[PDB]
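First comes the structure, then the notes that go with it.
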Amino acid sequence: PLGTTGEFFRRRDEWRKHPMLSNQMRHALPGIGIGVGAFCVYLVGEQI
Amino acid sequence: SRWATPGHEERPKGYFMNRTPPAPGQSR
Amino acid sequence: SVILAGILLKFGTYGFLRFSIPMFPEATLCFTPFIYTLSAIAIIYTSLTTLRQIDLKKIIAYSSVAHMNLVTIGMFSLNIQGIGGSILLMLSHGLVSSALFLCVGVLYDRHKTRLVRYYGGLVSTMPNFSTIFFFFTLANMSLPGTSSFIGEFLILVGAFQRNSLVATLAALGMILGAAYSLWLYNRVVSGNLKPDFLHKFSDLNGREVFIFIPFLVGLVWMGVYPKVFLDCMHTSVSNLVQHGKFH
Amino acid sequence: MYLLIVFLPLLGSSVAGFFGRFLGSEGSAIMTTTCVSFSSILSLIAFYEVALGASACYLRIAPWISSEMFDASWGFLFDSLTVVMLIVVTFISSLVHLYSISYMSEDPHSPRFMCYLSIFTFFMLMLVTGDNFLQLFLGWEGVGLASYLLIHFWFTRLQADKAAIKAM
Amino acid sequence: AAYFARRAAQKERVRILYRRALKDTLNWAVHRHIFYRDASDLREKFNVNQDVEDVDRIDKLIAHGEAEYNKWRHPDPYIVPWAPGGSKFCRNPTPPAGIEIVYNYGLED
Amino acid sequence: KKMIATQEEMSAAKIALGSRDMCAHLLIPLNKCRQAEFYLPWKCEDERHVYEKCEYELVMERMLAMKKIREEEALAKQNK
Amino acid sequence: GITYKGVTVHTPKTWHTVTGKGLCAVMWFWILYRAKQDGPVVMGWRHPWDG
Amino acid sequence: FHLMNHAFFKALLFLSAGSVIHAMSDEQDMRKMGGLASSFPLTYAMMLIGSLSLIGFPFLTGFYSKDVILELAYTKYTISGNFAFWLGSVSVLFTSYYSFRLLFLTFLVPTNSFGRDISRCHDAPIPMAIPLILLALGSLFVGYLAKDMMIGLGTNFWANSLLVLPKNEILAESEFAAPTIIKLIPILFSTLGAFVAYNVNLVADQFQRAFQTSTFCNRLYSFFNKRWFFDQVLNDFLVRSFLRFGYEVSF
Amino acid sequence: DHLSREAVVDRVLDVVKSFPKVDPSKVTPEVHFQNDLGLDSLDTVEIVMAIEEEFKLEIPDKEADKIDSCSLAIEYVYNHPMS
Amino acid sequence: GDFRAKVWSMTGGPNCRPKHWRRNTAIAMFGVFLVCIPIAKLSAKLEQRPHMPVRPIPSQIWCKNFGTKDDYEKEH
Amino acid sequence: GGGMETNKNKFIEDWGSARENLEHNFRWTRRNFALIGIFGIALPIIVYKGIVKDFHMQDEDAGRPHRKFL
Amino acid sequence: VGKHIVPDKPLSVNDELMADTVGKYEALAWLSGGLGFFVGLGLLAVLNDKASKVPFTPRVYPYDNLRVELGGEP
Ligand SMILES: CCCCCCCCCCCCCCCCCCCC(=O)O[C@H](COC(=O)CCCCCCCCCCCCCC)COP(=O)(O)OCCN
Ligand SMILES: CCCCCCCCCCCC(=O)SCCNC(=O)CCNC(=O)[C@H](O)C(C)(C)COP(=O)(O)O
């Protein structure tokens with residue numbers, strides 16, 4: 001956004017830093033935690 | 001609300017075969 | 001136009017069925033490749049000419065040339081499928097082409113033009129006419145369930161058993177007739193209205209609906225249960241096929 | 001019960017098409033979804049009877065095209081492959097009808113759309129249940145027709161008309 | 001005058017060429033941050049020639065720029081769905097005005 | 001490995017022609033169980049394992065046979 | 001919803017978030033369980049009749 | 001079996017895409033989407049499940065039929081069998097690439113959409129979400145659940161509906177005589193395609209200059225975006241030919 | 001619902017205010033871009049593209065080249081039914 | 001729109017909201033059930049099941065064509 | 001404004017009438033000679049020779065002489 | 001929709017019926033290259049002769065290769 005044109009277009013895109021519109025790669029594997037925890041609990045139960 | 005509130009067409013749109021109805025009480 | 005297409009056209013095929021095939025069976029055999037060639041050329045060339053016509057009545061009229069030459073292929077196949085299908089397609093064409101001319105006449109009586117470009121978007125002002133027109137358009141494409149499909153397929157069966165090439169050239173009609181029938185229907189009924197040409201409309205009155213009803217009933221009736229017709233014809237058709245031979 | 005599987009979507013489409021002016025969007029959505037869902041339930045029962053029960057069903061209504069040896073008939077064949085296709089078609093169709101109830105809720109012409117969905121379902125059922133090549137051909141052409149009708153459902157769009165004609 | 005209009009028509013060609021090149025830069029980049037640099041670079045092409053005064057050379061540069069746009073154009077440009085060529089274009093249009101429906105047509109009398 | 005199931009038994013059990021091999025005497029019980037259990041995969045596990053072991057052995061014998069033929073192709077080549 | 005310089009983003013319905021999380025959790029657990037049960041067989045370490 | 005399996009995941013994918021398009025005011029271009037995972041959680045999850053089942057992720061519904069077809073092709077020791085094995089194997093990589101490209105562009109990249117679209121979004125109404133849930137459940141469990149019934153070794157489920165002549169029977173040899181590697185190439189190609197999609201659609205800032213500076217790379221981009229020019233060639237040489245005959249020769 | 005002239009004015013003037021050469025003190029709903037704000041007409045093209053993204057519109061190229069002022073853009077956006 | 005309110009169609013045209021649509025829907029459902037009764041009777045009469053099922057099935061309640069085609073030599 | 005009749009467009013009617021009167025435009029040109037020679041003589045002859053051969057190939061498949069025609 | 005264009009110039013003969021950046025014969029050449037890929041893959045599969053490296057003998061069914069069960073003479 002070094003040139004005046006890119007700088008203007010980056011300035012207009014400030015709203016795209018919206019908190020829940022950004023960093024969506026952390027939401028890519030939903031339930032990965034609950035599923036793994038449930039698997040661990042099942043595995044421990046299978047030991048007995 | 002589309003399932004609990006009745007529709008607004010008291011009579012249908014158009015006339016079957018594009019004939020105007022007869023005068024009230026009369027027959028075609 | 002209804003009388004010309006539905007009855008008068010049938011007189012040549014009736015003459016072939018009634019005098020030429022049984023009176024001169026040896027000549028009928030000798031000329032069979034000639035008839036096959038003429039009819040196959042007619043079906044392909046006339047269907048392609050139909051594709052490029054710009055007048056409603058001209059499109060429906062050209063369609064009849066392709067249908068009648070299929071009828072000739074069927075009758076000169078000289079078997080049960082061929083002659084039965086030729087007769088059934090003659091009757092079905094007499095109903096379907098007549099109904100199509102009636103549809104175009106409904107349009108012409110109101111608007112006084114046959115040029116396809118003026119029409120368009122009629123589904124939104126004449127839905128009843130649009131539905132009936134679509135039904136008879138399907139019948140003209142030999143859609144299974146309609147009367148014309150029975151005759152068309154029985155004729156293809158009759159031709160295939162004699163000459164697979166002629167059946168193959170005759171089955172091209174399935175592709176070309178669909179093309180022009182659907183193009184006509186979509187240019188007339190689908191799309192948007194063009195109020196600079198037409199802005200005042202009326203759907204079918206009671207007389208027009210009643211006129212269409214027996215055509216619909218007959219088309220569906222022959223399409224789903226052609227046995228009523230074929231049962232009354234088999235003995236005559238069989239004796240026509242056998243005439244001139246004794247084995 | 002086996003005839004009901006095939007003909008219930010036809011009944012639903014007929015009521016939505018011929019009497020949609022009395023039902024409106026809501027009625028036509030319900031009528032069509034119910035008829036296809038009931039066909040789906042009966043299809044599950046037929047899968048239990050025919051595939052899991054190893055009891056094929058054969059049903060002949062009437063001759064269609066009888067000319068010497070040519071023996072096309074209105075006949076239905078229910079074997080394992082048939083009931084597998086039946087489950088697929090009826091279940092997906094029921095789900096799609098339910099989905100459309102809300103997806104087309106703002107569309108002006110939803111009753112015609114639901115009627116077309118049901119007529120497609122009926123022609124597909126005729127296709128997978130036929131016991132001879134000609135009934136199969138009838139289903140083949142019928143699904144072609146319904147596909148054409150649905151592709152250009154938005155009839156004012158020139159792209160849709162071209163696409164539908166190309167598909168046909 | 002005439003030299004003013006002839007120079008004005010050229011200006012329109014350059015302003016429209018730049019608009020279309022910029023919109024296409026977005027079709028090939030997709031992500032915003034790549035667009036920023038690509039737009040800056042396109043603007044630098046136009047700026048290098050911004051100061052030419054010879055009019056025939058302007059015409060030659062305009063023709064070359066149009067030919068370049070037409071060759072490197074994105075095959076599948078983005079269109080707003082309701083704009084012409086869009087996915088929603090001419091879906092459920094408002095009916096035209098001036099349409100009359102006639103009743104009691106074709107009576108025997 | 002000799003044939004155990006007779007032709008009559010295989011016809012009575014309605015075995016697909018391509019599963020009328022040496023292992024059919026185990027296919028018959030397996031298919032009976034599969035039909036009785038609605039073809040559930042966690043069911044019929046012993047029957048299925050026995051049948052699959054038989055089929056695997058059949059394939060292994062045809063693999064060893066092909067291994068023997070392919071080492072005589074070379075004998076011909078090095079003696080030519 | 002939360003409004004950031006003009007653009008307003010609405011929070012999703014709670015049951016929608018819950019249903020998505022739970023169905024994916026079920027999918028991850030099913031994959032893990034199936035892998036443990038019949039992964040040595042697909043890897044080829046062992047055979048189903050081994051025992 | 002694969003037909004029945006595809007009817008669950010592809011119907012889940014089309015209906016999930018329809019939900020996204022409905023939520024985005026009928027925007028269908030993936031270049032004007034992105035950052036949507038948090039705004040449409042249920043729809044994103046449905047699309048994930050459908051995509052994973054389609055690419056043949058292990059033990060999901062699409063895994064039990066796709067890889068069996070690929071293993072059977074490998075086992076067909078014929079010219080056409082070899083041809084099919086090669087083409088299907090490479091197509092696995094290509095389908096993994098485009099599936100993850102769709103997921104990444106639609107839901108995970110920093111948003112490329114219009115503010116007016118984000119500010120009017122909404123997830124599925126109930127008559128829409130119910131079928132999505134049912135198809136997600138199918139796309140998770142139907143494969144495993146129906147595998148033995150339909151393709152289990154020696155199954156009698158089909159009775160006389162299907163016919164395989166003895167000379168053509170290859171299912172045992174595909175489950176037993178194949179090198180263990182052959183069975184893993186679908187996971188390996190799928191993983192590679194996912195990785196390539198991640199790199200192309202997130203860490204590439206100039207692999208698009210080529211399409212604007214090279215004539216050969218631009219034509220190839222067009223070749224593949226325009227479906228090998230198949231419609232163009234057919235219309236130019238066949239449809240136009242018949243249409244021209246109809247006026248210039250016959251008439 | 002439609003957008004009120006006021007809302008259009010505010011969001012158009014915000015778009016113009018973000019331009020780096022433009023100083024955010026002399027941007028009224030009636031300023032001209034190549035007269036009051038000291039901009040080249042390529043800057044005008046960029047500002048028109050930014051207004052296009054801001055309201056999700058597709059202005060035809062003939063009409064886009066005519067918009068040269070804040071007022072011209074304001075009237076186009078408020079008269080457009082799809083803004 | 002404006003003119004379409006004067007256009008009669010069987011499917012009802014755009015945005016069709018009949019006032020009595022619930023009662024009409026109920027009448028349509030009763031009609032479809034009545035039509036379905038004879039279809040079900042004819043189907044039960046026409047069904048042919050050459051093979052006894054492995055377990056009892058619902059069609060055994062109403063259909064009496066189980067195991068009737070065994071002597072296919074006499075078919076005509 | 002008045003009437004269901006279409007409001008004629010002069011160019012559309014000119015186009016239609018030109019379509020209806022094409023025979024007045026035929027010139028025996030080189031292109032027309034080629035098109036009539038190819039599609040009016042040659043192709044029908046080729047199709048006829050195909051149909052006849054089909055029957056002759058059936059004749060020799062049945063151990064019979066060639067059927068005479070025409 | 002908006003306003004259908006009413007012609008102001010004479011229509012052409014082929015107006016009833018009236019893919020932008022690639023040429024006609026060029027598109028034919030690119031597509032022919034694409035299909036020649038398939039031809040080359042087929043020839044490569046021929047050259048591979050995978051049928052000659054099959055790792056098992058052919059199956060042999062009992063009862064004379066199921067002669068009677070396959071419709072042969074009993
Ligand atoms: C195996 C053959 C079977 C029978 C076929 C018919 C007979 C064979 C063909 C005869 C050919 C005769 C010679 C033609 C070539 C000479 C050309 C000289 C130059 C020329 O153009 O002369 C034209 C003479 O045309 C003419 O005199 C026209 C020639 C005759 C055409 C015959 C067409 C047959 C029917 C076509 C098929 C129909 C059925 C299709 C399903 C008139 O020139 P001009 O200067 O007047 O031109 C208008 C300019 N303003
Ligand atoms: C993918 C597409 C490919 C990319 C396309 C590449 C395009 C080529 C880039 C360069 C094209 C030219 O030099 S295009 C022509 C070069 N410029 C001129 O015409 C001379 C300058 N005089 C003027 O009229 C103004 O300064 C003007 C700048 C118009 C401002 O207009 P305003 O007075 O109204 O502000």
Side-chain angles (χ1 to χ4, degrees), chain C residues 37-46 48-49 65 69, chain E residues 3-29 35 38-39 41-75 77, chain H residues 208-209 211-213 218 221 245 249-251, chain I residues 32-35 37-48 64-68, chain K residues 23-49, chain L residues 21:
Chain C
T37 309
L38 269 187
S39 294
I41 291 309
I43 290 170
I44 305 318
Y45 285 16
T46 77
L48 282 173
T49 289
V65 181
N69 279 272
Chain E
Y3 188 81
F4 180 80
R6 151 145 200 260
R7 283 278 315 107
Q10 277 175 323
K11 283 187 191 42
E12 163 286 301
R13 301 278 299 284
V14 178
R15 288 194 314 267
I16 290 192
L17 173 66
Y18 180 50
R19 155 158 180 106
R20 298 205 266 259
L22 194 55
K23 262 190 277 321
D24 211 66
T25 279
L26 187 55
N27 301 314
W28 287 111
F35 172 69
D38 272 89
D41 289 345
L42 174 82
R43 179 69 191 253
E44 281 326 303
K45 299 184 190 197
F46 292 71
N47 294 328
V48 63
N49 305 97
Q50 67 191 39
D51 263 36
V52 166
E53 267 136 31
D54 315 271
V55 60
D56 289 345
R57 192 147 72 87
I58 292 158
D59 267 307
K60 298 183 71 68
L61 295 174
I62 290 167
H64 184 249
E66 319 266 62
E68 295 302 320
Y69 175 78
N70 289 325
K71 230 198 81 157
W72 301 110
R73 181 164 188 317
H74 201 299
Chain H
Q208 64 180 20
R209 294 183 181 277
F211 311 135
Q212 267 144 291
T213 190
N218 187 264
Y221 189 100
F245 186 99
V249 176
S250 67
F251 185 66
Chain I
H32 175 277
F33 318 133
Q34 289 207 263
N35 285 326
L37 276 34
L39 302 168
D40 318 336
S41 88
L42 307 192
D43 317 331
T44 300
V45 183
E46 289 152 17
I47 281 138
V48 169
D65 209 358
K66 299 215 329 291
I67 304 155
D68 67 330
Chain K
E23 58 283 3
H24 298 120
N25 292 343
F26 196 75
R27 307 282 101 101
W28 287 103
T29 75
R30 183 180 65 255
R31 183 178 183 265
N32 270 342
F33 266 118
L35 288 179
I36 293 156
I38 289 152
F39 294 113
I41 288 98
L43 191 41
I45 288 171
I46 287 162
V47 169
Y48 177 88
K49 289 189 177 304
Chain L
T21 43

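Numbers restart at 1 for each chain; the letters A, B, ... are given by sequence-line order, proteins then strands. In listed order, ligands and their atoms are each counted from 1. Just the heavy atoms: all of them, side chains too, but no hydrogens, waters or symmetry mates, feed the values below.
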A student comparing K11(E), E68(E), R20(E), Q50(E) should find that the heavy atom closest to atom 26 (O) of ligand 2 comes from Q50(E)

Does [Y] offer a backbone N or O that forms a donor-acceptor pair with the side chain of [X] under 3.5 Å?
{"X": "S250(H)", "Y": "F245(H)", "answer": "yes"}
{"X": "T46(C)", "Y": "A42(C)", "answer": "yes"}
{"X": "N70(E)", "Y": "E66(E)", "answer": "yes"}

Can you check whether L42(I) reaches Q50(E) side chain to side chain, under 4.5 Å on heavy atoms?
no

Note the single closest protein heavy atom to [atom], along with its residue, its atom name and the distance in Å.
{"atom": "atom 20 (C) of ligand 2", "answer": "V52(E) O, 3.5 Å"}
{"atom": "atom 19 (O) of ligand 2", "answer": "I58(E) CG2, 3.3 Å"}
{"atom": "atom 4 (C) of ligand 2", "answer": "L42(E) CD1, 4.0 Å"}
{"atom": "atom 27 (C) of ligand 2", "answer": "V14(E) CG1, 4.8 Å"}
{"atom": "atom 2 (C) of ligand 2", "answer": "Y69(E) CA, 3.6 Å"}
{"atom": "atom 8 (C) of ligand 2", "answer": "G65(E) CA, 4.0 Å"}
{"atom": "atom 13 (O) of ligand 2", "answer": "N49(E) OD1, 3.3 Å"}

Shortest non-hydrogen contact from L22(E) toward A39(E):
CD1-CB, 3.5 Å

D68(I): which residues meet the salt bridge (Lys or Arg N to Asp or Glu O under 4.0 Å) condition with it, sequence neighbours left out?
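Salt bridge (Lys or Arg N to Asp or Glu O under 4.0 Å) list for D68(I), sorted by chain: empty.
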
Residues forming a salt bridge (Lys or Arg N to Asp or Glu O under 4.0 Å) with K11(E), sequence neighbours excluded:
none

Can the ring centroids of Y221(H) and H74(E) be said to lie less than 6.0 angstrom from one another?
yes

Per-atom filter on ligand 2: closer than 4.0 angstrom to a heavy atom of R15(E) are 34 (O)

Atom indices of ligand 2, in the order listed, that fall short of 4.0 Å to a heavy atom of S41(I):
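Taking each heavy atom of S41(I) in turn, ligand 2 has 30 (C), 31 (O), 32 (P), 34 (O), 35 (O) under 4.0 Å.
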
Checking contacts here: is it the side chain or the backbone of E53(E) that comes within 4.0 Å of ligand 2, counting heavy atoms only? Could be both or neither.
neither

Classify the contact between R7(E) and ligand 2 as side chain, backbone, both or neither, using a heavy-atom distance cut-off of under 4.0 Å.
side chain

Looking only at distances, can you tell me whether any N or O atom of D40(I), backbone or side chain, sits closer than 3.5 Å to an N or O atom of ligand 2?
no

Would you check the N or O atoms of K45(E), main chain and side chain alike, for any that come under 3.5 Å of an N or O of ligand 2?
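No: no nitrogen or oxygen of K45(E) is under 3.5 Å from one in ligand 2.
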
When you look for protein heavy atoms under 4.0 Å from ligand 1, which residues do they belong to?
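Correct list: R27(K), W28(K), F33(K), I36(K), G40(K).
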
Residues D24(E), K71(E); criterion salt bridge (charged side-chain N to carboxylate O under 4.0 Å, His left out); working and verdict:
CA-CA 12 Å; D24(E) 211 66; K71(E) 230 198 81 157; over 6 Å; no

Salt bridge between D54(E) and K60(E), side-chain N to carboxylate O under 4.0 Å?
no

contact_flag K71(E) ligand 2 heavy-atom lt 4.0 Å:
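No, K71(E) has no heavy atoms under 4.0 Å from ligand 2.
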
Using heavy atoms and a 4.0 Å limit, tell me yes or no: is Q34(I) in contact with ligand 2?
yes

Nearest-0.5 Å distance that lies between atom CG in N32(K) and atom CZ in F26(K):
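Reported to 0.5 Å precision, the distance equals 4.0 Å.
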
Of all pairs that satisfy ring-ring contact (aromatic ring centres under 6.0 Å, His included), the ones with a partner from residues 51-72 of chain E, not counting sequence neighbours:
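Listed once each, the pairs would be none.
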
If the test is side-chain contact (heavy atoms from CB on, under 4.5 Å), which one of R13(E), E12(E), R7(E) qualifies with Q10(E)?
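Passing option: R7(E).
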
When you look at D40(I) and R15(E), which way does the salt bridge (charged side-chain N to carboxylate O under 4.0 Å, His left out) test go after all the steps?
CA-CA 11 Å; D40(I) 318 336; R15(E) 288 194 314 267; over 6 Å; no

